[PDB]
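What follows is a single structure, written as structure tokens, with notes after it.
Residues: numbered from 1 along the sequence shown. Counting starts at 1 for both ligands and their atoms, following the listed order.
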Amino acid sequence: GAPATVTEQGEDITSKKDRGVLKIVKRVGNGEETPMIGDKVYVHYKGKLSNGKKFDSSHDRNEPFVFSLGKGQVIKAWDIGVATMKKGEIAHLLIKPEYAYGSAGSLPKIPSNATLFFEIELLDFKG
Ligand SMILES: C=C[C@@H]1[C@H]2CCC[C@@H](C(=O)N3[C@H](C(N)=O)CC[C@@H]13)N2S(=O)(=O)c1cc(Cl)cc(Cl)c1
């Protein structure tokens with residue numbers, strides 16, 4: 001399925017080139033501009049664990065997740081990943097635990113050492 005495909009066919013977007021965050025662009029967004037550090041970014045997403053379970057979705061809440069890019073308000077992979085996206089883009093991310101919740105996990109939903117899959121849509125970004 002889509003998690004296997006991004007695992008096997010995604011591009012490494014990490015600065016370290018350690019394959020900790022892999023990406024596939026599913027829908028190309030608008031123009032060339034990506035958000036900048038400190039922008040307010042509006043996204044929709046769905047996340048899955050490696051047991052095949054959906055663990056979260058903003059779509060199901062009927063409103064986007066909003067955060068300030070590049071400030072450590074989210075897992076490292078999200079700061080890195082959303083920074084690569086154009087407005088209107090849909091992407092898949094496959095994230096090793098070192099760029100997510102690590103050995104600690106995040107109870108109750110995220111186990112220790114969890115690889116995460118997301119589908120993410122960048123709705124908008126604003127300074
Ligand atoms: C609104 C939730 C967000 C989501 C969406 C952004 C990615 C990631 C995340 O960085 N988060 C922040 C964090 N600093 O940890 C705050 C809470 C949590 N998650 S997540 O999808 O990985 C996630 C979902 C759920 Cl239901 C629980 C957790 Cl611990 C994480």
Residue list, side chain to side chain contact (heavy atoms under 4.5 Å, CB included) with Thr5, at least two apart or on another chain: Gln9, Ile24

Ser106: side chain to side chain contact (heavy atoms under 4.5 Å, CB included) partners, not counting sequence neighbours: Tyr101, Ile110

Expected output: side-chain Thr34 to main-chain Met85 donor-acceptor under 3.5 Å: no

Part of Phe67 within contact of ligand 1 (heavy atoms, under 4.0 Å): neither

Please identify which atoms of ligand 1 are closer than 4.0 Å to at least one heavy atom of [X].
X: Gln73; value: 12 (C), 13 (C), 14 (N)
X: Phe65; value: 1 (C), 6 (C)
X: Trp78; value: 6 (C), 7 (C)
X: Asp56; value: 21 (O), 24 (C), 25 (C), 26 (Cl)

Electrostatic pair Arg61-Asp56, nearest N-O below 4.0 angstrom: yes

N or O contact, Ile75 vs ligand 1, cut-off under 3.5 Å: yes

Short N or O distance, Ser106 and ligand 1, threshold 3.5 Å exclusive: no

Over all atoms of both residues, closest heavy-atom pair of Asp79 and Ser68: OD1-O, 4.4 Å

Winner among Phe55, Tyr101, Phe118 once heavy atoms are compared against atom 30 (C) of ligand 1: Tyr101

side-chain contact (heavy atoms from CB on, under 4.5 Å) partner of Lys96, the single match among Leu22, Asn113, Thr115, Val21: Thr115

